[PDB]
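One structure is given here, and the rest of the page talks about it.
Residue numbers (PDB author numbering), protein chains in the order written: chain A, 128 to 182, 185 to 186; chain A', 1 to 50, 54 to 61. A prime marks a further copy of an entry chain.
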């Protein structure tokens, strides 16, 4: 979409942005991405998760 | 050309309330002034909260 400026910060993310600022939220989101990528083996279906978590090891 | 001022000798510890009585009204700012301040300051703090920092962080 196209984000209009001056939008009232609502929602869990908006409230987070009002509290920490948008740059910190981005930094917090990137850290969540390293956590989600390193510590969970995930997919849309179980076949995708299992393929992803593969290691003749 | 004006006179060299006398040696500085203001009262050492006047009453805070009398000072506040002059400072409080005079600090007033119009809504658009406060709005610019609010925006500028919010942006500065957002940048602060984005490195490897200072003593305070340690």
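Beta carbons are placed, not taken as given, at the ideal position from N, Cα and C, and that holds for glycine.
Residue range of the alpha helix (DSSP H) that includes residue i
i	result
residue 24 of chain A'	16–26
residue 168 of chain A	Run containing residue 168 of chain A: none; DSSP gives neither H nor E here.
residue 144 of chain A	138–147
residue 49 of chain A'	Looking at the DSSP string, residue 49 of chain A' is not in any alpha helix (DSSP H), and its letter there is neither H nor E.
Beta carbon of residue i nearer than 9 Å to that of residue j
i	j	result
residue 151 of chain A	residue 59 of chain A'	no
residue 162 of chain A	residue 168 of chain A	no
residue 50 of chain A'	residue 154 of chain A	yes
residue 136 of chain A	residue 142 of chain A	yes
residue 29 of chain A'	residue 37 of chain A'	yes
Counted within 10 angstroms of its Cβ, other Cβ atoms place residue i as buried (16 or more) or exposed
i	result
residue 148 of chain A	buried
residue 144 of chain A	buried
Residues that residue i contacts on chain D, provided the C-beta gap is smaller than 9 Å
i	result
residue 151 of chain A	In the displayed structure, chain D is absent; the protein chains listed are A and A'.
Amino acids of chain A', ordered along the chain, whose beta-carbon sits closer than 7 Å to that of residue i
i	result
residue 147 of chain A	49
residue 154 of chain A	50
Cβ-heavy atom distance, residue i to the ligand PLP, below 8 Å
i	result
residue 145 of chain A	Here there are no bound small molecules, and the ligand PLP is not part of this structure.
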